[PDB]
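Q: Residue numbers (the entry's author numbering), protein chains in the order written: chain P, 1 to 244; chain R, 1 to 117, 125 to 242; chain T, 2 to 244; chain X, 1 to 195; chain U, 2 to 242; chain Q, 1 to 240; chain Z, 1 to 111; chain O, 1 to 250; chain S, 3 to 233. Don't be surprised by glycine CBs; every beta carbon is placed ideally from N, CA and C.
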Amino acid sequence: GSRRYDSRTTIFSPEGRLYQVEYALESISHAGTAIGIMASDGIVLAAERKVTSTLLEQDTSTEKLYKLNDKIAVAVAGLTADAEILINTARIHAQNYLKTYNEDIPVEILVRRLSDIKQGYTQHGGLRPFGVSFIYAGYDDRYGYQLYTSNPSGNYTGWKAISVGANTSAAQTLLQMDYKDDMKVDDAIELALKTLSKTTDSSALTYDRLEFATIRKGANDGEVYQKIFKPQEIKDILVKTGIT
Amino acid sequence: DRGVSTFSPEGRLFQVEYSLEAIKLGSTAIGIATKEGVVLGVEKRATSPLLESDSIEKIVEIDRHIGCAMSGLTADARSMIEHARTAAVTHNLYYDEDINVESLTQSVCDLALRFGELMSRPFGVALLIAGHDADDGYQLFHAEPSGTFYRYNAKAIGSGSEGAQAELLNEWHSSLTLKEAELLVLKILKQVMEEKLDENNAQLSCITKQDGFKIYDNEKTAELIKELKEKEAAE
Amino acid sequence: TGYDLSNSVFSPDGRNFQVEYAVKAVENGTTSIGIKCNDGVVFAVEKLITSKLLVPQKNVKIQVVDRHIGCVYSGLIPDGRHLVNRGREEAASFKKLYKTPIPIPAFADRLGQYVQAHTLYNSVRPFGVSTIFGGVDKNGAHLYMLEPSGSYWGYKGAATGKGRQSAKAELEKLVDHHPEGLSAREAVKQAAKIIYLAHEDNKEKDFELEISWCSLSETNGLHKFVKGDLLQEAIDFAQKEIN
Amino acid sequence: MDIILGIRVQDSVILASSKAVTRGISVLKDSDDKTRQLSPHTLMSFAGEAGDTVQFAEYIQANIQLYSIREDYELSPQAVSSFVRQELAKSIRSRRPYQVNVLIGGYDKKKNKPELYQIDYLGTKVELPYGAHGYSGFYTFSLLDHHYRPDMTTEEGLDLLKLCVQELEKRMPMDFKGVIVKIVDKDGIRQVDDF
Amino acid sequence: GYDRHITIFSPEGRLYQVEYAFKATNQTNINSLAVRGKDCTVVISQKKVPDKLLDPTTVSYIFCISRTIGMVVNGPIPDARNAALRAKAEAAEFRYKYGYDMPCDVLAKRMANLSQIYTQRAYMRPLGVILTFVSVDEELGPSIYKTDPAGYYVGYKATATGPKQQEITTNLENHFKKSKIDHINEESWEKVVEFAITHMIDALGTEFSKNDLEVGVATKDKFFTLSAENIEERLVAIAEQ
Amino acid sequence: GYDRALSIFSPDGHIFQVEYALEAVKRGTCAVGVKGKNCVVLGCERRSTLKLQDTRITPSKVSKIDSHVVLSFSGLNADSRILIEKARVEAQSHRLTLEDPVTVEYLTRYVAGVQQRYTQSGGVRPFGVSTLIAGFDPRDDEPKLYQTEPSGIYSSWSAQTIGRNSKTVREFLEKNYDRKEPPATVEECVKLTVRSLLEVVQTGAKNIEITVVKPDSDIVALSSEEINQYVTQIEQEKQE
Amino acid sequence: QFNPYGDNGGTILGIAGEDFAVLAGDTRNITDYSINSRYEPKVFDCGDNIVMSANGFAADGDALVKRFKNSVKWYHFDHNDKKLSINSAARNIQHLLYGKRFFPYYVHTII
Amino acid sequence: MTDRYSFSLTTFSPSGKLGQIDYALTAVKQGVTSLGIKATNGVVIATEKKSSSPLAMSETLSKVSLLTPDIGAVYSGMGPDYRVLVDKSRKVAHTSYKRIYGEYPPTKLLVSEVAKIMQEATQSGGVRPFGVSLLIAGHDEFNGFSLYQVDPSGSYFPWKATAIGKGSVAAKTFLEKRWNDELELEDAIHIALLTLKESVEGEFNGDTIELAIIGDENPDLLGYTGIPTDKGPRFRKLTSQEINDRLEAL
Amino acid sequence: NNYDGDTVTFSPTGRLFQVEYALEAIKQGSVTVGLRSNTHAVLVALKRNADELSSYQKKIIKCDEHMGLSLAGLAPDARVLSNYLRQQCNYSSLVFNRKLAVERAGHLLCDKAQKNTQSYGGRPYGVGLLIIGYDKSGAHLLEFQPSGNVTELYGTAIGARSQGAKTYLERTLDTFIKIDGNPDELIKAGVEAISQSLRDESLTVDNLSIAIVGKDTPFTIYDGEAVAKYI
Ligand SMILES: [Cl-]
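#1: Below 8 Å on the Cβ atoms is my guess for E36 (chain R) versus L185 (chain R); work out the distance and round it to an integer in Å.
#2: With DSSP run on the structure shown, which of helix, strand or coil describes residue 275 (chain U)?
#3: Between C41 (chain U) and the rest of its own chain, which residues show a CB-CB distance below 7 Å, the 5 nearest in sequence each way excluded?
#4: Spell out a yes or no on whether the region 55-72 of chain S and the region 184-195 of chain S are touching, meaning 3 or more CB-CB pairs, one atom from each, closer than 8 Å.
#5: Confirm the yes/no value for this check: CB of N114 (chain U), any heavy atom of ligand 1, distance under 6 Å.
#6: For the region 107-140 of chain T, enumerate the residues whose C-beta is nearer than 9 Å to any C-beta of chain O, in chain order.
#7: Step through the CB atoms of chain S and report whether any lies within less than 7 Å of the CB of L183 (chain R).
#8: DSSP three-state label for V84 (chain O), please.
#9: Please go through the same chain and pick out, in chain order, the residues whose beta-carbon is closer than 6 Å to the beta-carbon of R95 (chain Q), but skip the five residues on each side of it.
#10: Looking at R96 (chain U) and ligand 1, is the gap between the Cβ and the nearest heavy atom below 6 Å?
#11: Below 7 Å between beta carbons is the criterion; list the residues of the region 42-63 of chain T that meet it against any residue of chain S, in chain order.
#12: What is the residue span of the alpha helix (DSSP H) that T200 (chain P) lies within?
#13: Can you pull the chain Q neighbours of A209 (chain R), defined as C-beta to C-beta under 9 Å?
#14: Is any beta-carbon of chain Q found at less than 7 Å from that of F134 (chain P)?
#15: Using a C-beta cutoff of 7 Å, does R4 (chain O) count as contacting chain T?
#16: So which residues on chain R does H76 (chain Z) lean against when the C-beta distance must stay under 7 Å?
#17: Since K89 (chain U) is in the alpha helix (DSSP H), which residue starts that stretch and which ends it?
#18: What does DSSP give as the partner residues of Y156 (chain T) in its beta bridges?
#19: Are the Cβ atoms of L132 (chain S) and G36 (chain S) separated by less than 7 Å?
#20: Would you kindly work out how many angstroms separate the C-alpha atoms of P106 (chain T) and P54 (chain O), rounded to a whole number?
#21: Measure the C-alpha to C-alpha separation of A24 (chain Q) and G163 (chain Q) and round it to an integer number of angstroms.
#22: Rounded to the nearest angstrom, how far is the Cβ of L194 (chain O) from that of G215 (chain O), given a contact under 8 Å?
#23: Consult DSSP for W214 (chain T) and reduce its assignment to one of helix, strand or coil.
#24: For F95 (chain U), I'd like the list of residues in its chain whose CB is within less than 7 Å of its CB, leaving aside the five on either flank, ordered along the chain.
#25: Does at least one heavy atom of ligand 1 sit under 6 Å from the Cβ of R122 (chain U)?
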């Protein structure tokens, strides 16, 4: 019957690893590097678009940085199509929570929900896992600014600064070297772009090969503003920090 | 790979034959039926001294007139016990009476072959179901994962089974007393066990018409162990 | 290779080897035949007497569908029974909705589509039977033969099983020597002969002859088993021709 | 059940709820506590059809307690009330709706404010300084309209509540066997044993 | 090498089960041809009754799908009948739901979409058949639309299918290169059938008796198959000029 | 639905998927449980490969199932969340129907039952998780400590460890833990738990988490500095 | 409107002796003012020395008696030909009757 | 029966490759060249009508398809997969958008919906990915003119201009030199015809080329008058004659 | 070989190996004998024990007052099939007030066993059954195989060493068929038949199992000291 052709996506190796999760992570290691850096007064999301063309319409393009609600955003690493399935689920969960409790969803609860979905695809159903790793940047009134990451296993962890995708070993060393706890958003912006500039497999880091975003309490009084940077604004911040 | 319910060329179900190998690895359990009662005894086999051995529950009550001992993958037995308890209670609800030991055993054994591609594999545990009813008196059954159950005068299952069964072969007769059976289970357990038999790493139980199914206290079993040692030293 | 391990898999030829292996089971079975006559059809089958302990006339192989259709098959007997059970359901629902009994060509496609359905998936096995069937409807007599692939045609004479070549040769002579046609009572006698001649391929064990027929004149268009004197008359005729 | 009142003062919420439980002809109990603690600083009183009331209250209680454990965090009174309202709004279009009216008195530890929410069986939520369900409002609201002030102390709130209960005991035909009063403040929930 | 057993992509970007279903198509060893007249669409197909025991009247690869649509099949008869029954059901449902007779090209698309599903979904195998649908459509006029196991379909001026399709195709190609029109300029369907048979004879290089052919004709508001005597009359006219 | 029998018997009588789930537990960070006379302490390893972590928001290794019971684990982190959720739900369902919180034994038996069900259900793999469940039964001052594992077997322990290098810390506990006189105070029990982790952990900085559970729903997690004081005192006594 | 119930009349009587028991019933079956039958047996031997009668709506009575007799048969199969005691029969009948709690057997049963 | 293939047929290999998606892209590579160019006041999509036989009527086979009145699509790869995708795309444009908001979806969202269908075939049980790459050109009020590519994986990218299939590498290089941000629609059509000539071997005319535009509103093609706000479809398929006219000025 | 992984797969010679392996399980099973006259039908079964402490596995199952069978092979599968027969017998009685014909009972067993041989996932039944009964056309004896093949016979035997008993019956055919209105002599012929299949072991009191049905005889099983008469 059909058994003959079954890959068996949800099984342990003899070593106690989930084959497909490991291979999905290998897939993600080739994706464009995404970096998150959390500061005391905001969060930075910086990400590298993969070998773009001159004919790509950059201003209407979105492959890396997506908005989940007004307070939470995500940086994607891996299959964009897989990520969008999960992003629409997360967007719904946030609105379900808002409808039920009349309060914006706390960041961790959203992250857990998405991470639980990914876990399900590794334990049951016989389907391949989502080949996606997220960096979640978000704010709530309980924990303030938060950075998380999730991967195809469905395991998630919290971070002060973190990279996903390509060259994370190199990237995480550079972040670990220059990061400090009292750091500010404008400093974190500079660190994010400097790290990408050194870890990039491209010859030079330019505005057209980047997506960039900041979650700031730099909004008029006690409230939070998400800023997805436009191509011209990414070009300006590259000149400001002194990379181009 | 291959079907779960596949027949071998010899005419046996592969999975059922493999589950029997799991049961051979399990800890020893011995049952002895007499006209004064049935005795059930088990090797606890704690994997470390820090494990509180009184938490090892390999002897279990199904109803007041039916007890049960297990050997093999003991986690698999929990749903079997649950079904057995439910079957025993449900029959009492429908018929205002105790359920026959055989009928209970049959109800448990009907689960065994409900596997395919229902559950995904046979049970990896054998059961010694011991009880009493008015029609057939004191009874001991051996319920396998094949769905087959044999009634026994005495039976050993687990890692020391064929050695213990040969010993039960010689020792059993139709005029055994309950006290004689208790000592005989303890004797044979001590023989096949790796570690030295005491009240903490071995458990006794019995089922009598008057008092029903009872698990023995460690203090009570300790006395029967001391009584055994003396009677073996006596010749 | 591996194209013969799963049903519904095209080999590089364009063939479904599992169906062709089902044919081998059919070829292993006993001989069964069909003869189309003037106003009806005659079915006959070889029943191997495995032992003296078999009760004569009891293990009936030919089956009736509705009241006007006869079915006989060679190969895996249970598979044939399963197909007839379906045929009876098809014929019942037809008559339920449309009032009239199912026409034979209509009935033939109901079996055909069902057997063909068992060559579409790997989760089922093809039928291990060639079925010869037919009867009398409003448009007259019809004889069909249905293979494991779902392939079926109308026939003047039909034969399947281990003695099919022997039988087919005999059927071809009848078609040549009777262009104007064959009568129902003639066809019963000839059916008996052909089974007796086809028994040379299964000559180790002795056998029991079983015959049935539908005929507009002889049975009012209804399926009936050939019994008693008419059966013995056909056996005598058959025994005379082999000697 | 019959009479449930609620009043939000300066620094606490006070809920008064009758003790009588009547089954048609006889008063089966005169000491029934028509309330459940949903979280340490959130109390829900309730009244409506038999069985439904307690089943609903305990179901809400369990869900909030489940949330409290999962997140290691107490939901705000507003959040709990919104959850409760949704459950009732879902209920009203069911095969058999919950016939239960509730008051949710809670102290928001973040804002340092007492909060009273009145929700009926339809899922009709309103935040109020003082509230009631059933016929209770008809007698008491005229007194509360007059005497209520937003800066009242808890002791002043209890005195105003006594005046409301006295008016009910005078003019209501049913003997509701007095009320159990409970206070919800920054320190949690406590019961006024003498009333 | 399980990428050749089920309908999934091979490393080359190929579906081998679809390609092997195309090979099952020629297993009957029958050649079909379809051409269009002014008022009609004619389809002819070789008829081969090898066994004398067969009732030759029941041996047919041409089907009457609806009153207006006819279908000829190149491939094994079980799959042919599978397709035929479905196309009949689809044509009938279409009329019930939408209030007018299913067009030939729409049916061809519907059957092609079904065949596409068997190329994508693994549990369903492709049918080893090429379905040539013919009608005189009320909007488009004389119509030939053909479907295969790949789920491909297209309209035709004329077409040919079978082991010797290429010889027939080129023969027809050369005729339409002379005439420089998309059809057979002929009033009666009788002469269009005569054209079809003549150009099959020339292409295949074989002579036909009445029992060697099978003919289907689509006119306005009906499709019908010719009897052996109707074909004989056709063969007589060909021989007499 | 996907019905495929993933957990099946092999010729030698083993269920490899259950055994490979144990290998995932062997990979997981070390967890330890030690019960004193009037307390239970759950120690947990945090691997220091991950720095730049946010320890405020990162999922803690010890989880409250109810106000009186806690659950730590070793193995797949994602898998552990599913067991914890189910356990938490069952804890509230038990309170709702029985009008009494779960016993530690009951809660363990439930989690172990869930783990077992996944070893003979179609279309699912076993949980790559072993748990340590600890706490105090309602209105009871006797400490409770249980262990579960992928196969679905569970049992009670005076002290126990699971995860990577658990063989070493079990060796330590087997010689240092006396049953006749367990750690009489909270201090003594925490000290023995920190000591046992220090055999394996590497650095005694942020790599040790300690959670102390006491009777009557008194659960507290120690801070870095509080644990660091135990680490300091242990090594100063060791220098002799 | 369709009324699924009917009254077939009749009267039954059970008396328990010291070492015996009787279950009597008239043999008249009726609808409204007409006699259907002057001899329609109402009390049945169900095996295992149990007698039964389900008086009232005869269709429901016949259905119940039929089902209990069947219950007796399966009790023998499932439990090694054990005799169904009168007390066990009674409890089994409770579950038969209560099984249709919300569309009852319109009968007064005596065994 | 039952679809017993409830498990994924596309899975991650040790290297992190999704084999079936790569092979689907290989199938797309073998397919006939199609392209898209965005201008300031329009978008053009074009491809070669590769006729399987000269007896076949290539007008009946439409490679360029209307999805909504302001959105059009062209492909490279497996035609049958494209045909069912166009059916599903048209339907989803109604069910998940028009029947809710009372208007047609914007290009990007319809693309998103198509992409979702193609992703699901990449992860769901018992199916292979679609063996096509789409180029979807469209217009909507708030985003203006846009051109998107959609791949077998479900990934989609917006383009100023691009090409897919047989001679895509050469064609993309050709477009990079010619494209600028000040092109008029006629200039884009001219470049499209030049670019497409390089990949075509045989006949190059209006009968062997399919070409459509997303441009100005066509009130002549609306079918009715009387509602000022309804101004007609921006999608228009160029006729065989209209193509040949521009081939003379080539 | 490569075509024995499941029941849904024909071999190149047209064989169903899983069915043949299920057939093999019957040959491993203990011997049982069936035989009939015109008035009575008899089952005689050799019961098998695990060891000397164990009981002897029951081989005979009652299906109705007028029908029952003896088993050989997987006993749980016989339990499933006998339970199905009990129900079908019971449905015939309840709905039609009609005792189920033995021939029709065979047809139902055949069809039930067949569905397991054509579908994926399942397995064939691993048991052979000998059904005896007395219906409106007199005494009957059937032989069920899990291939689906059911066969009406005068006498037969299935199980290990069954060929000896089957040869004896084939010789005795003309004698035992004529044992009308004499149950004890028909049982004697069955006991003498099953004796031809014995090696080493002999018929003891708790080893032998006999059943009988007839004209004025309900299906009744004889075990223990009830069969000591015939030893
Ligand atoms: Cl369609």
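A: Answer, in terms of the structure:
#1: Indexing the second sequence from 1 puts residue 36 (chain R) at position 36. Indexing the second sequence from 1 puts residue 185 (chain R) at position 178. Separation of the CB atoms of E36 (chain R) and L185 (chain R) is rounded to 4 Å, and the pair is thereby assigned contact status at 8 Å.
#2: What is shown of chain U runs 2 to 242, which leaves residue 275 (chain U) out entirely.
#3: Residue 41 (chain U) sits at position 40 when you count from the first residue of the fifth sequence. In chain order, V137, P143, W190, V193, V218, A219, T220 place their CB closer than 7 Å to the CB of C41 (chain U), counting only its own chain and leaving out the 5 sequence neighbours on each side.
#4: Not touching, per the Cβ criterion.
#5: For the purposes of this step, residue 114 (chain U) is taken as the residue at position 113 of the fifth sequence. Flag set: Cβ of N114 (chain U) near ligand 1.
#6: Correct list: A118, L121, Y122, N123, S124, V125.
#7: Stepping through the second sequence from its first residue, residue 183 (chain R) is reached at position 176. By this cut-off, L183 (chain R) is not an interface position.
#8: Looking up residue 84 (chain O) in the eighth sequence gives position 84. In this structure, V84 (chain O) counts as helix in the three-state DSSP scheme.
#9: As a position in the sixth sequence, residue 95 (chain Q) is number 95, starting the count at 1. For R95 (chain Q), where only same-chain residues beyond five positions count, the Cβ hits under 6 Å are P101.
#10: As a first step, residue 96 (chain U) must be located in the fifth sequence, where it is residue number 95. No - ligand 1 has no heavy atom lying nearer than 6 Å to the Cβ of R96 (chain U).
#11: Cβ contacts with chain S: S52, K53, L54, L55, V56, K59, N60.
#12: Working through the first sequence from its first residue, we reach residue 200 (chain P) at position 200. Where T200 (chain P) is concerned, there is no enclosing alpha helix (DSSP H), given that its DSSP letter is neither H nor E.
#13: Residue numbering aside, residue 209 (chain R) sits at position 202 when the second sequence is read from its first letter. Chain Q residues near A209 (chain R): none, gap ~16 Å exceeds 9 Å.
#14: What you label residue 134 (chain P) is simply residue 134 of the first sequence in a count that begins at 1. For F134 (chain P), no CB of chain Q lies under 7 Å from its own CB, so it is not counted at the interface with that chain.
#15: Here residue 4 (chain O) refers to the residue found at position 4 of the eighth sequence. Output row for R4 (chain O): interface = yes.
#16: Translated into positions along the seventh sequence, residue 76 (chain Z) becomes position 76. Here the premise fails: no neighbours, minimum Cβ distance about 12 Å.
#17: The residue you call residue 89 (chain U) lines up with position 88 of the fifth sequence. Element bounds for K89 (chain U): 78-99.
#18: By 1-based counting over the third sequence, the position of residue 156 (chain T) is 155. Answer is U:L55.
#19: The residue given as residue 132 (chain S) occupies position 130 in the ninth sequence. The residue given as residue 36 (chain S) occupies position 34 in the ninth sequence. For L132 (chain S) and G36 (chain S), yes; Cβs fall inside 7 Å.
#20: Locating residue 106 (chain T) in the third sequence gives position 105, where the first residue counts as 1. Locating residue 54 (chain O) in the eighth sequence gives position 54, where the first residue counts as 1. Distance between the alpha carbons of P106 (chain T) and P54 (chain O): 40 Å.
#21: On the sixth sequence, residue 24 (chain Q) is found 24 positions in, with the first residue counted as 1. On the sixth sequence, residue 163 (chain Q) is found 163 positions in, with the first residue counted as 1. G163 (chain Q) has its alpha-carbon roughly 9 Å from the corresponding atom of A24 (chain Q).
#22: Taking the first residue of the eighth sequence as 1, we reach residue 194 (chain O) at position 194. Taking the first residue of the eighth sequence as 1, we reach residue 215 (chain O) at position 215. With 8 Å as the limit, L194 (chain O) and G215 (chain O) do not qualify as a contact, their Cβ atoms being about 19 Å apart.
#23: Here residue 214 (chain T) refers to the residue found at position 213 when the third sequence is read from its first residue. DSSP, reduced to helix, strand and coil, places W214 (chain T) within a strand of the structure shown.
#24: For the purposes of this step, residue 95 (chain U) is taken as the residue at position 94 of the fifth sequence. Hits under 7 Å: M103.
#25: Taking the first residue of the fifth sequence as position 1, residue 122 (chain U) is located at position 121. Incorrect: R122 (chain U) has no Cβ contact closer than 6 Å to ligand 1.
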